[PDB]
Amino acid sequence: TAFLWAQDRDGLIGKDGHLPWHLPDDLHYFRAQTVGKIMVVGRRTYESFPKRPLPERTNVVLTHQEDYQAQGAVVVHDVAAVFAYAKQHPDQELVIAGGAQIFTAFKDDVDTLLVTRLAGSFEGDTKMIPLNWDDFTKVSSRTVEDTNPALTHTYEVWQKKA
Ligand SMILES: NC(=O)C1=CN([C@@H]2O[C@H](COP(=O)(O)OP(=O)(O)OC[C@H]3O[C@@H](n4cnc5c(N)ncnc54)[C@H](OP(=O)(O)O)[C@@H]3O)[C@@H](O)[C@H]2O)C=CC1
């Protein structure tokens, strides 16, 4: 399983349950990556989905109550069950597009970590938590140069190391 997330250089992920900055460029990449794979997105996150719904994709909506019905994605209230499901299908890749609470709960045990850095900065009421360098290491790093300083960003991939 792999976790994909993006955060501002200053230390911001979003605000009012929405993305203050618009980067369709990076978003297209994320959408393409999740193609042919099962991904789980938190309900609060779903509210931020700027390009919804997401047809022709195995998306699952995460909610507190199993009884609650969600459209476009399967509703599961058991965090442990999702993990076991992925374990059952090792061949299938798992990608998580939030929410932050979900990220935190599964932050301690993640096989693949995806980190996106933004050259620009945005103001918001949500700040990203501290990252343990010892817990994870970067397998490789990629540099992307855009005309606008804010547009330019660096993409890196981290994996668990013994
Ligand atoms: N740095 C980053 O890349 C990330 C950024 N973000 C940003 O944050 C926003 C979402 O974060 P935030 O608003 O704090 O809320 P979350 O998206 O983290 O909220 C998660 C929701 O999932 C459901 N849920 C949580 N825990 C469980 C559980 N144990 N069992 C079942 N369902 C569960 C709940 O739904 P309910 O209570 O509504 O039924 C809960 O409100 C996104 O819209 C985005 O803007 C989100 C993820 C990652």
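Residues numbered from 1 in each chain as written, not as in the entry; some residues may be left out. Heavy atoms only, no water.

- Structure determination for this entry is recorded as solution NMR.

**Observations regarding the overall build of the chain**
Here is step 1: A tally of regular secondary structure across the chain gives four helices and 10 strands.
Here is step 2: Along the chain, helices (α) and strands (β) appear in the sequence β-β-α-β-α-β-β-α-β-α-β-β-β-β when read from the amino end.
Here is step 3: Taken over the C-alpha trace, the chain has a radius of gyration of 16 Å; the compact-globule value for 162 residues is 15 Å, and the two agree within 12%.
Here is step 4: Projected onto its principal axes, the C-alpha coordinates of the chain cover approximately 45 × 35 × 30 Å.
Here is step 5: Within the chain, the fraction of its 162 residues that count as buried is 33%.
Here is step 6: A separation threshold of at least 6 residues defines the contact pool for the chain, and within that pool the share at least 24 residues apart is 62%.
Here is step 7: In the chain, 17 positive and 22 negative side-chain charges are present, and the distance between their average locations comes to 2 Å. (Helix = DSSP H or I, 4+ residues; strand = E, 2+ residues; numbered from the N terminus. Rg over C-alpha atoms; globule rule 2.2 N^0.38 Å. Buried < 20%, exposed > 50% of the residue type's maximum accessible area, 1.4 Å probe, protein only. Contact = heavy atoms within 4.5 Å. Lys, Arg positive; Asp, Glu negative; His and termini not counted. Charge placed at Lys NZ, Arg CZ, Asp CG, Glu CD.)

**Let's talk about the pairing of strand β1 (residues 2–8)**
Here is step 1: For β1, a buried count of six out of seven residues is recorded, marking the element as mostly surrounded by other parts of the structure.
Here is step 2: Two elements, β1 and strand β6 (residues 94–96), share two bridges in a ladder whose sense is parallel. In the strand pairing of β6, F3 is matched with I96.
Here is step 3: In this sheet, strand β7 (residues 112–118) lies alongside β1 in parallel orientation, the contact comprising seven bridges. (Pairing = 2+ DSSP bridges.)

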